[PDB]
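J.: Have a look at the structure that comes next, please.
Rule-based calculations on the coordinates, nothing more; no lab input. Virtual Cβ from ideal backbone geometry, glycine too; neighbours counted across all protein chains shown.
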Amino acid sequence: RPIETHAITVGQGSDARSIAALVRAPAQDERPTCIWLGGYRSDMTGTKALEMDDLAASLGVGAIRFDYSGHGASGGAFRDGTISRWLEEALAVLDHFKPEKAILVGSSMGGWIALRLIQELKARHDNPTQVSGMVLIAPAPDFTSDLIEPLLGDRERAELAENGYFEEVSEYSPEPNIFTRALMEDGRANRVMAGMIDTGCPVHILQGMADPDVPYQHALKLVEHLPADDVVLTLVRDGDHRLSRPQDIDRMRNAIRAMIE
Ligand SMILES: [Cl-]
């Protein structure tokens, strides 16, 4: 089953944007489809995304990747991005292809969006797509309120007021991270850990203890907000935020394979 290229329109009027997607059909329609949900500033050609697709291909199961608005091959401005808009895109991509069974594979911000997506699907009457499992890699639920807000100083707070965004130096590039006022305000609209989260499926979290961006304690906090059954947390002592060494990729591929078989 070959990779196919698609464009999906999301939103209305001046909010409309075209989302680029790469899709591989399952060898038989009854088999699940793995859907990649990436990190803030990622793109769908990244190492972990390509590995998810390769594993899916080898087992004859489906694979969906797409670029968030403002990222990679998709339309829309980065500074117009919010958790609400990026979630809306994820749901639109799923509703375009309508796989019978989905396994959500969410990395960092993509883990937050995965948790919101299951809530949106469970709220619907007509759901052609059942989520059969979720694999979360250094997930970052509620990062705006829980990881950013407590560290903000008066520099950042005034920047947010005067300019509509603040900047922080990025370990991973010469272009610094920017975080908009709109993202911070809307992150509270999408807060998932202020109460208990109902998934209805197995969840496996993979988290490094040498992660300087999402502290491993954040993964322990997420487990306290998940159901009392069918949740596994794998803590890797020397793992960093990217979790993309060969040994890390082996653990992630094995976690996804256990959701299929
Ligand atoms: Cl990656």
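J.: Explain nothing, just the number: dipole magnitude of the chain about its Cα centre with +1 on each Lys and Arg Cβ and -1 on each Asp and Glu Cβ, in debye rounded to the nearest 20.
T.: So the dipole magnitude of the chain works out to roughly 520 debye.
J.: Related question: Return the sequence-ordered ³J(HN,Hα) values of segment 117-129 in whole Hz as given by the Karplus equation 6.51 cos²θ - 1.76 cosθ + 1.60 applied to θ = phi - 60°, using x for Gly and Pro.
T.: 4, 4, 4, 5, 5, 5, 6, 8, 7, 8, 10, x, 10
J.: Further, regarding this structure: Going by amide H atoms built from the backbone, whose H comes under 5 Å of the H on residue 61, apart from near neighbours?
T.: Sorted by chain and number, the residues that satisfy this are 27.
J.: Taking segment 155-261, which chymotrypsin sites (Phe, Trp or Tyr not before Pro) meet the DSSP loop condition and have no more than 14 other C-beta atoms within 10 Å? Please report the intermediate quantities before stating the final value.
T.: Values: sites: 165, 166, 172, 179, 216; in loops: 172.
Answer in residue order: 172.
J.: When only alpha-carbon atoms are used, what values of Rg and Dmax, in angstrom, describe the chain?
T.: When restricted to Cα atoms, the chain yields Rg and Dmax of 17.7, 56 Å.
J.: Pop out the ³J(HN,Hα) list for segment 95-105 in order, Karplus 6.51 cos²θ - 1.76 cosθ + 1.60 with θ = phi - 60°, rounded to Hz; leave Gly and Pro as x.
T.: Result, ordered by residue: 5, 6, 8, 6, x, 5, 9, 10, 10, 8, 10 Hz.
J.: Where a Cα-Cα gap under 28 Å defines reach, which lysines qualify for residue 98, not counting those fewer than 8 residues away within the same chain?
T.: 48, 122
J.: Now, a different point. Give the relative contact order (percent, whole number) for the chain; include only Cα pairs under 8 Å separated by 6+ residues. Show your work: numbers first, answer last.
T.: Working: 498 pairs, mean separation 42.8, N = 261.
With pairs under 8 Å counted, the relative contact order is 16 percent.
J.: Given 0.36 nm per residue, what is the gain on full extension from residue 257 to residue 169 after removing their alpha carbon distance, in nm?
T.: Values: separation 88, 0.36 × 88 = 31.68 nm, distance 3.66 nm.
Extending this stretch completely gives an extra 28.0 nm.
J.: Right, next: Work out, step by step, the length gained on full extension between residue 43 and residue 194: first 0.36 nm times the residue separation, then minus their alpha carbon distance; give nm to one decimal. Working shown, then result.
T.: Working: separation 151, 0.36 × 151 = 54.36 nm, distance 2.95 nm.
Full extension of this stretch gives 51.4 nm more.
J.: If you don't mind, another one. Sort segment 137-232 into rounded, prolate or oblate with this rule: let a ≥ b ≥ c be the square roots of the eigenvalues of the Cα gyration tensor; rounded if a/c is under 1.5, and if a/c is not under 1.5, prolate when a/b is larger than b/c, oblate otherwise.
T.: Note, shape of segment 137-232 comes out prolate.
J.: With springs only between Cα atoms under 10 Å, which of 92, 194, 63 fluctuates most in a Gaussian network model of the chain?
T.: So, out of 92, 194, 63, the one fluctuating most is 194.
J.: While we're on this one: Could you tell me which trypsin sites (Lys or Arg not before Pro) in segment 117-213 are loop residues by DSSP with no more than 14 other beta carbons within 10 angstrom of their beta carbon?
T.: Counting only loop positions with at most 14 other Cβ atoms within 10 Å, the trypsin sites (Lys or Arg not before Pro) in segment 117-213 are 124.
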